[PDB]
Amino acid sequence: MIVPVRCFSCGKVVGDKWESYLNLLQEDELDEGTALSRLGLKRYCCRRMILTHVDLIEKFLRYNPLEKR
Amino acid sequence: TXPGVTXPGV
Amino acid sequence: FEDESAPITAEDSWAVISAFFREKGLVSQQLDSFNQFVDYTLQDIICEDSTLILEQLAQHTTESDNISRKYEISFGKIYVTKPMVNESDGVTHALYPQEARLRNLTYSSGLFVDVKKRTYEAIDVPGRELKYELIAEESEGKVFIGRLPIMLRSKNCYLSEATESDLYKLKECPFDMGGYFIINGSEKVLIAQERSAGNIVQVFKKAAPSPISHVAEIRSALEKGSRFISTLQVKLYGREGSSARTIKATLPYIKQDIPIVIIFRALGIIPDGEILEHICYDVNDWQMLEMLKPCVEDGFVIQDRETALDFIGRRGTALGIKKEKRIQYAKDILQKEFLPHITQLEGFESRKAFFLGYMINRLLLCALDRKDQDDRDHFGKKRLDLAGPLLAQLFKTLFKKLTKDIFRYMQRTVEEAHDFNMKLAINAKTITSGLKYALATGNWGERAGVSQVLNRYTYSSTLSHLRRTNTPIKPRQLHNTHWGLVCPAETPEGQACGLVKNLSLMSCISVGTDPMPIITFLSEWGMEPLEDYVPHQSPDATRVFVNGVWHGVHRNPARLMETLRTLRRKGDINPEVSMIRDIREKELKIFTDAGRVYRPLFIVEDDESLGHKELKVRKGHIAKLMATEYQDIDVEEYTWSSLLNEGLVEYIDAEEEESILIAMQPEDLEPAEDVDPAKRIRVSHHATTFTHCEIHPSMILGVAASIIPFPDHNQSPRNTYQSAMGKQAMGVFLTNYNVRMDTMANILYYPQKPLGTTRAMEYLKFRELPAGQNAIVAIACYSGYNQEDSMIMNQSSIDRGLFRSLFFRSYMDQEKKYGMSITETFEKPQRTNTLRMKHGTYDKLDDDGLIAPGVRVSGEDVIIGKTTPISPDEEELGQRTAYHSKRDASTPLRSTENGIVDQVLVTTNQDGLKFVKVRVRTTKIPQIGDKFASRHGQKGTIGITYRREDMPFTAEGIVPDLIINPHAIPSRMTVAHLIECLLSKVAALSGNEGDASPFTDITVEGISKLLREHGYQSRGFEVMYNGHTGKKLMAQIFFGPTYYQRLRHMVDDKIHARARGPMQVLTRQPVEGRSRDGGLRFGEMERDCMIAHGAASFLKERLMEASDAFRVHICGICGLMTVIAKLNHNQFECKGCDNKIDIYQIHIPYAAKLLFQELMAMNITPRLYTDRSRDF
Amino acid sequence: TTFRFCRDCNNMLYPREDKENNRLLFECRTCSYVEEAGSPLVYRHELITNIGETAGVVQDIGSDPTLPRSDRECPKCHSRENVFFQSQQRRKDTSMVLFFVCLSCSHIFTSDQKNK
DNA sequence: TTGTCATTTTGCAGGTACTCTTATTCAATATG
RNA sequence: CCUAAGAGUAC
DNA sequence: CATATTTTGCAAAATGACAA
Ligand SMILES: [Zn+2]
Ligand SMILES: [Zn+2]
Ligand SMILES: [Zn+2]
Ligand SMILES: [Zn+2]
């Protein structure tokens, strides 16, 4: 849905490394492994936390708000 | 037969 | 690449598959069949018959009015509109699916037909033939005859041309595929119904006890007529050792089995030689002649066509025809009832005689042990009725009912001489109600389970449901012909194992086309007409069949097949048409009917440039397809239809698949002939005569089985278990779940795309809508709390969001007009003037009787407040006065459920009465008893949860999210589980995605080499330390990420206990079900176990005190319970026996009392006596 | 058996005893067409049928792609390439002997050894 | 004063528990 | 509330 | 305008003669 705050197994905070990860993937044309290593995710628990996330919230944001102010 | 698979017979 | 004509590789085929799914989609068969039904079948149903003529004779007592009239009504073109809804105020406006779903409407579109009324008049002159003429009163004027439900995304739906942005605007998920109806706000899907194909001759052996040894039958049926099933059977009487081997045919509406030669003579073939020529096509085949001589010996008694017709009429079951008209009756039987699929007109006796000879030929070939009896399970002999044909036959019946009603109304209004009106004639309620009833309920009439509620638990579950086929009822076995058409391992484990099937990824169903162009092509290219066919002059002639109708013979079948293939490969013939050439049997069969299941295949040609067989597709076509796909994500478009129209790929069904040779992969099987020991063993087949090539073997799997990583490394029952169990996986079923009021919805907090992924799962959108999470799994006998399929889940991981879920439940409530002014009202009931108010608190309800969103609700609390008017001025119950004019009809929350009210929706129903829906949201957090499973059938419940400090840890501080027992591995042989764990570890470390496609060249050795290059033990073992003491574990632990699904079976929805509760009104026993606070069944064999234990008093206590104990009085004279017992006055009296001092009381189950009273009501006296009259 | 038909009305001919010459005489049952008998055989019953195993062979049997190919010696052309298939008699007790058709001469030769 | 042998009709029921959802209750012509 | 139907869990 | 009625597994039991 949206990026998890912490890695499930060890508890490292990874919720602030999603936009940086996307910027590294897009702007710098880095592959996923090097981008993960750059952000400091060395254990594969954190690496699978960030690598396999699906950002479904964008889809949810496409629909018009039900209660619009 | 049986039933199923009366009897036979009856 | 650089070379345009270079051969393709195994990787290039995925581009072809991508193009296929860019054009077809996943539910293409549903939409195609419905579009065929709407575009063409409705018009055919309307035009065929539906010309009501009523001839009102003159009935002239005087010659002044000797005029006979004739009123005729005809139906012209049919117009089907866009879906629209009526309203209580009469305003009609466009209806969209995400309004019908919310308002419980039906997504249907009105049907109109141009009705033309004509009247003819004639002078009723006796003797002179009547001549009818127009009176120039030609009135025509469309009329509304009903509403057809429209499936979503069909050509007549609002979403067919919608873009992604428009779909977002209309509150429709772009991932939603359509192919389902909305009946009363419920999504209904039509399961593809399997049946045996029609107009095919099948010969079956018979058992020893039966007198008939072999039976040849055809299920004759005509598509463009009455659509009635008439079964012709040709039976060979006598066993192998019998001498009187006579062949007899079972004609319809005939009480006896007529001998075949009688039928030949009736059709118009008198001489025996001509009959045998029509039956046996070989003069030298003296065995068939010897076997067939008893038939001519039997029929020697009849030597004339009129005699045979009289014989058939005499055997006719009507028995209401005079002797000279029996001939006509037999003629009618042989014209409109014998082999209808050939023709219904007259003058085609020779064709039917030839077909009968062909049937007898097949029967004799099977009896002579020259061919095996036909396999009933051959999938090429089966047809799948999709939404099109099902709706077509239902609408045919329903419109026949409507037109009969129209004729009856016309007759009634002309006999009563009243005025005629079109609006009073048509009753659109007939069609509308019939279609809505057939789609709303499972039953298909006026079969069961044809239409089912669409499964919306998970995206893959919805996809599998939309591609499901059911076989009405070894048929359960996986047949050889099922290859590439249905999923080899996707079927329920229960009674429906094998009967319920799922389509393969690339399998399609033909929609049926008109065979007239093909017949014209055959006649042009040199097909001999069957009327002037003499078998003797053309012995080696190939019989040409079109849709099971023998149309003639061809003398050069090779050239004919070559030109037919060329025409179909350039699109002149519809590619769905299947053409089969059986060289050994010298037959040519062409099938164009609907329901045939086919799949695409690459085409292999000679390719003289390379001197060896090669695929027609080269690198240039792959490059063009890639360019088109990249442009979609300015050059000429190159789609799947472009490959189809240039003879690159072909559609092959099972019948045509019988006569082809297929190469499994191009790179290994096309070119002519130090190997890796880790790779699996493959063979080259040592043969180069291929006609087609598989696009990819992994396409034999279905939607559910395409999620399995490395399915070829698993035992097949494990794949079946995962196929059945991934439909129960929890994830995101649709992106617009926030605007849908579904009855139940389950959503993961953090769905994750698998680390080990297949190439076929990016066409199923599994990476966009995942239904699981990557958990760090350790396979270890850690604490003994994961034995017998239990699991140990990390409590700290749960605290951080692992497998957490949202659960939505919706309650719907309407107000209904009990009368003219007896309308219900949504309100907050007041204890002062309301009856039957529930014990739940009504406080949370505000003025309108609906809890505002955000308010926490617990079990039994009232969430919808509704009251209904009743008759006032009644006093009873102790606290009932005239003020209690309202009866409470409120809806409380589920007793076992609680949560936050999420949303409430108020609107008007079809009738215009206000109704509401209340969606309540709660959060499910994994706990002891919840069911989780990998993608390899490794189900299990959570045994215990440990915190992070107690779990075993590696030298890097990584602790597992899950611990599973080693003992689950060896017996189940789920090697794919271990391979996928290793691959996921490598993928997580390296940042790539693990390619876990089934039939790739990815070995354990290579994955281990990559893992070792990452600095870990190559086989995935890790040195782990005990959590409690920190000491090293003597055994190293298999450790790594693995994809797990959270299944729908949570313990909190299953726990149930009952001390005492509501009792059944009839038997005074506890009610059934945990939703009703019911009781558990103490069945027969539990009683047997307790008897074996010898505990009699416990059994008595279970059957009497625990369930139902009833004290009843009897008398010693008659054992009946007819004792009037006034307990308060202490007076016992059995009328009839006239005793008052000879009464006993007994304790028996109330069910026993009810049984005795029912026996008494059935004239049986179960007299119960309290003393022995006989010694033991 | 080689059944034959009357040439007057196209009907069956049945065997008939003769007295003047004591010979088999074929007679018609509806037009009294009478003629001699080619052979004394009037009924053959094959308890074990040897024919029908090579049935289905056609002048273009090589066009079938499903039929397996072989390089076995053709004892009329000495050609390698040919098609082969097992016995077409679908009785459960038939042998697994193979038959070969040369695609250049259409001569059927078996792989049997007792016959050879 | 007793065997004979050879076609035509004779009845049916399918494991144990358990969970959930959906639809539907005769339509319509006819008389009070 | 009854009835019917469908889907499913453990054997 | 509203309620009332129009797939599966056989051995026998029974039947029609019958023959002097
Ligand atoms: Zn981590
Ligand atoms: Zn009594
Ligand atoms: Zn003759
Ligand atoms: Zn040869």
Side-chain angles (χ1 to χ4, degrees), chain B, chain C residues 104 183-191 204 206-211 376 401 405 408-409 412 416 424 427 429-430 433-434 436-457 461 464-465 468 470-476 492-496 499-500 721 724-725 727-728 742-744 746 788-789 809-812 819-820 836 889 894 896-897 929 931 933 939-941 1047-1056 1062 1064-1066 1071-1076 1078-1089:
Chain B
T1 66
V5 99
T6 65
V10 100
Chain C
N104 281 9
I183 312 301
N184 288 331
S186 284
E187 293 163 318
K188 294 288 196 297
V189 58
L190 290 174
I191 312 305
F204 303 120
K206 270 290 183 67
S210 76
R376 298 170 155 287
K401 177 69 172 296
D405 208 308
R408 190 221 50 70
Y409 164 88
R412 196 258 290 158
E416 305 295 332
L424 271 79
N427 188 34
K429 266 66 70 177
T430 289
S433 298
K436 275 175 69 172
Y437 172 79
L439 283 159
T441 67
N443 59 5
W444 211 248
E446 70 181 3
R447 287 170 293 181
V450 172
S451 171
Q452 301 177 1
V453 186
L454 185 63
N455 205 352
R456 289 282 204 193
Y457 202 88
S461 163
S464 77
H465 203 174
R468 195 180 308 290
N470 178 81
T471 299
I473 193 168
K474 197 75 187 67
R476 291 173 182 275
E493 301 89 358
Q495 291 295 323
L499 306 183
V500 167
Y721 292 173
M725 186 179 289
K727 306 161 192 153
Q728 310 163 1
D742 291 299
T743 302
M744 290 189 297
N746 288 264
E788 292 283 348
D789 307 331
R809 169 173 293 288
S810 292
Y811 309 78
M812 183 267 292
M820 290 57 69
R836 305 293 182 81
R894 295 294 197 81
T896 60
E897 311 197 337
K931 198 179 175 180
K939 59 178 102 60
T941 62
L1047 305 184
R1048 73 195 301 182
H1049 312 282
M1050 305 156 222
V1051 66
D1052 264 11
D1053 305 337
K1054 285 165 166 60
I1055 182 152
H1056 175 223
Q1064 196 161 349
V1065 70
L1066 177 50
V1071 300
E1072 158 173 20
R1074 80 180 287 272
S1075 55
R1076 292 189 281 276
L1080 275 298
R1081 166 97 176 168
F1082 197 80
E1084 288 191 70
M1085 65 180 288
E1086 289 77 8
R1087 164 196 70 93
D1088 298 306
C1089 294

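Just so it is clear, the values below take in all heavy atoms, side chains as well, and ignore hydrogens, waters and symmetry mates. Each chain gets a letter, A, B and so on, in the order the sequences are listed, and its residues count up from 1.
Proximity of C:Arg894 to C:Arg809: side-chain heavy atoms (C-beta onward) are separated by under 4.5 Å at one or more points. Residues C:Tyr811 and C:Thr743 fail the side-chain proximity criterion, which asks for heavy atoms closer than 4.5 Å. Side-chain contact check for C:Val453 versus C:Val189: every heavy-atom pair is 4.5 Å or farther apart.
Contact between the side-chain N/O atoms of C:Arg1081 and the OP1/OP2 oxygens of E:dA17 is found at a separation under 4.0 Å. The side chain of C:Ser433 places no N or O atom within less than 4.0 Å of a non-bridging phosphate oxygen (OP1 or OP2) of E:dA27. Applying the 4.0 Å criterion to OP1 and OP2 of E:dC20, one finds that C:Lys1054 has every side-chain N and O outside that range. Contact check, C:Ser1075 against E:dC20: a side-chain N or O comes under 4.0 Å of OP1 or OP2. At the phosphate of E:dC20, OP1 or OP2 sits under 4.0 Å from a side-chain N or O atom of C:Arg1074. Using a 4.0 Å cut-off, no side-chain N or O of C:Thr441 falls inside it from OP1 or OP2 of E:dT24. The phosphate of F:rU9 (OP1 or OP2) has a side-chain N or O of C:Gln728 nearer than 4.0 angstrom. Look at C:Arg1087 and you won't find any side-chain N or O under 4.0 angstrom from OP1 or OP2 of E:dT16. For E:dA28, the OP1/OP2 oxygens have a side-chain nitrogen or oxygen of C:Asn427 closer than 4.0 Å. Taking only side-chain nitrogens and oxygens, C:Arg476 never comes nearer than 4.0 Å to OP1 or OP2 of G:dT7. Neither OP1 nor OP2 of E:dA23 sits under 4.0 Å from any side-chain N or O of C:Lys436.
Rounded to whole Å, the separation between the P atoms of F:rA5 and E:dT24 comes to 16 Å. Atom name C1', nucleotides G:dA2 and E:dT21: the rounded distance is 36 Å, in whole Å. Only the P atoms considered, F:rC2 is 14 Å distant from E:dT19, to the nearest whole Å. Taking the P atoms as reference points, E:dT22 lies 22 Å from E:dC26, given to the whole Å. Rounded to a whole angstrom, the distance from the P atom of E:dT16 to that of G:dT6 is 42 Å. Rounded to a whole angstrom, the distance from the P atom of F:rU9 to that of E:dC12 is 36 Å. When the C1' atom is used for both E:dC5 and G:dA13, the distance is 15 Å, rounded to whole Å. Taking atom P on both E:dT10 and G:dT15, the two are 9 Å apart, rounded to the nearest angstrom.
Heavy atoms only, all atoms of each residue included: C:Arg1074 and C:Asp1053 are closest at NH1-O, 3.2 Å. Contact record, C:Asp1052 with C:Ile1055: O-CG2, 3.8 Å, taken as the closest heavy-atom pair. Nearest heavy atoms, C:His465 versus C:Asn455: ND1-N, 3.1 Å. Across all non-hydrogen atoms, the minimal contact from C:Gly929 to C:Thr941 is O-CG2, 3.8 Å.
Helical stems involving DNA chain E, defined as 3 or more consecutive Watson-Crick or G-U pairs under 3.5 Å, span E:1-4 with G:17-20, E:8-10 with G:11-13, E:15-23 with F:3-11, E:27-32 with G:1-6.
C:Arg456 comes within 4.0 angstrom of nothing in the nucleic acid, heavy atoms only. Across all strands, C:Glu446 comes closer than 4.0 Å to no nucleic acid atom at all (heavy-atom distances). Using a 4.0 Å heavy-atom criterion, one finds that C:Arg468 contacts no nucleic acid atom at all. Within the nucleic acid shown, C:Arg1076 comes within 4.0 Å of sugar-phosphate atoms alone, with no base atom in reach, counting heavy atoms only. In this structure, C:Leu1080 reaches the sugar-phosphate backbone alone: every heavy-atom distance under 4.0 Å involves primed, P, OP1 or OP2 atoms, never a base. As judged by a 4.0 angstrom heavy-atom cut-off over every strand, C:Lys939 is placed among residues touching the sugar-phosphate backbone only. Within 4.0 Å of C:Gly494, counting heavy atoms only, lies no atom of the nucleic acid at all. Within the nucleic acid shown, C:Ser186 comes within 4.0 Å of sugar-phosphate atoms alone, with no base atom in reach, counting heavy atoms only. When heavy atoms are screened at a 4.0 angstrom cut-off, C:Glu1086 is found touching no nucleic acid atom at all.
C:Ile1055 has its CD1 atom 15 Å from the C1' atom of E:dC18, to the nearest Å. The CZ atom of C:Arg412 sits 7 Å away from the P atom of E:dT29 (whole-angstrom rounding). Distance NE2 (C:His1049) to P (F:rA10): 6 Å, rounded to an integer number of Å. In this structure, C:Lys188 atom NZ and E:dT22 atom P are separated by 8 Å, rounded to whole Å. The interatomic distance linking C:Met820 (CE) with G:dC1 (P) rounds to 11 Å, in whole Å. At whole-Å resolution of the value, OH in C:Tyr811 and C1' in E:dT21 are 14 Å apart. C:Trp444 has its CH2 atom 18 Å from the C1' atom of F:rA4, to the nearest Å. Here the P atom of nucleotide E:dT22 and the CZ atom of C:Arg809 are 9 Å apart, to the nearest Å.
A positive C1'-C2'-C3'-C4' torsion places the sugar of E:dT16 in the north, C3'-endo-side range. Judged by the sign of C1'-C2'-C3'-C4', the furanose ring of E:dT19 adopts a north, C3'-endo-like conformation. Nucleotide E:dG11 carries a south sugar pucker, as its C1'-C2'-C3'-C4' torsion angle is negative. Sugar pucker of E:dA6 is south, as judged by a negative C1'-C2'-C3'-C4' dihedral.
Closest to the side chain of C:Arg376, from the set E:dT16, E:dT21, G:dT7, is G:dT7. With distances taken from any side-chain atom of C:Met744 to the nucleotides E:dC20, F:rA5, F:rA10, the minimum falls on E:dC20. Among the nucleotides G:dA11, F:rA10, E:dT22, the one closest to any side-chain atom of C:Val453 is E:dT22. For C:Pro492, the side-chain atoms get nearest to F:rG8 when compared with the rest of F:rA5, F:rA10, F:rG8. Closest to the B:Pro8 side chain, of the nucleotides E:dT21, E:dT24, G:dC10, is G:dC10. If you check F:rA10, E:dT22, F:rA7 against the side chain of C:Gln452, the one that comes closest is F:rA7. When the nucleotides G:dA11, E:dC12, E:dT21 are ranked by their closest atom to the side chain of B:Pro3, E:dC12 comes out on top.
Along DNA chain E, the nucleotide nearest to C:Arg894 and the one nearest to C:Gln495 differ in position, and the one closer to the 5' end is contacted by C:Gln495.
Among the candidates C:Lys1054, C:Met1050, C:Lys939, the single residue satisfying the side-chain contact (heavy atoms from CB on, under 4.5 Å) test with C:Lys931 is C:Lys939.
C:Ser186 and C:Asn184 share no side-chain donor-acceptor pair at under 3.5 Å. Counting only N and O atoms by type, the side chains of C:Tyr409 and C:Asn427 include no donor and acceptor under 3.5 Å apart.
Put simply, CD on C:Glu446 and NZ on C:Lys401 are 9.0 Å apart, with the number rounded to the nearest 0.5 Å.
A cation-pi contact links C:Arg1048 to C:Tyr457, judged by a cut-off of 6.0 Å to the six-membered ring centre and 45° from its axis.
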